[PDB]
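To begin, one chain is listed below as structure tokens, in the form deposited in one PDB entry.
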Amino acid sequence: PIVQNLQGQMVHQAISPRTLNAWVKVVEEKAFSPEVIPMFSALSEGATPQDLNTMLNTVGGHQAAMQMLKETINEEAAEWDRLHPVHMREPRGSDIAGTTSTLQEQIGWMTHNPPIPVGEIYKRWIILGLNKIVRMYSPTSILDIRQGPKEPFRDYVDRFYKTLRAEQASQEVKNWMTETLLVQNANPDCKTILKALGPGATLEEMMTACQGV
């Protein structure tokens, strides 16, 4: 991250070994479960591009996925270079990605007036690449999810919303899915109870009713 030094100037704070080891543990154990993106985003709060790159280089495994992430940063940084032509100097996509930008340039922009938040901009590109990885590591679309004939409705809801979280679909599609597929793919008894609640029932009401099956 960045901090004020005791000399009264903005200076880099290096990543703690506990933060790097946490990120290793996260990526090793959770293997791009969707929770890895908020976990990454928490571990990389205030990160400069060099800090982000040090996290990504440390992963070691999953190199096919890390290449899909590099393909994403390629096209996102090219899109930045397209949307922001060249005239501190303004950062190019390779500056935001931390390749052509020194650490001191990164801190310079992140503390400019107004700031250019190259750490956050690059972190958006990484998070978007992790999103593509997370879909392709999901085994099932939400359309595949159906309640087991004796599966508790709370466990089916947990499967459904955990899948819906990985989906992709635009937000109004996720509204239609949580209204419609959640009912449509229940077991016949719970399905009948849900339809008896009417279409506007909240998840709390739906669970409270179908717990009785």
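One-based numbering along the sequence shown. Between two forms, the rigid core is the largest collection of C-alphas that superpose within 1.5 Å.
Keep in mind that the form deposited in another entry is not shown, yet the notes after this line are about it.
- In a rigid core superposition between the shown form and the other one, 59 is the single residue of 169, 42, 68, 59 whose Cα is displaced by 2 Å or more.
- Taking 2 Å as the criterion, residue 17 does not count as shifted between the shown form and the other one: its C-alpha moves by less than this amount when the rigid core is aligned.
- Core-superposed comparison between the shown form and the other one: the CA of residue 28 stays below a 2 Å shift.
- Superposed on the core, the two forms differ at residue 151: its CA moves 2 Å or more between the shown form and the other one.
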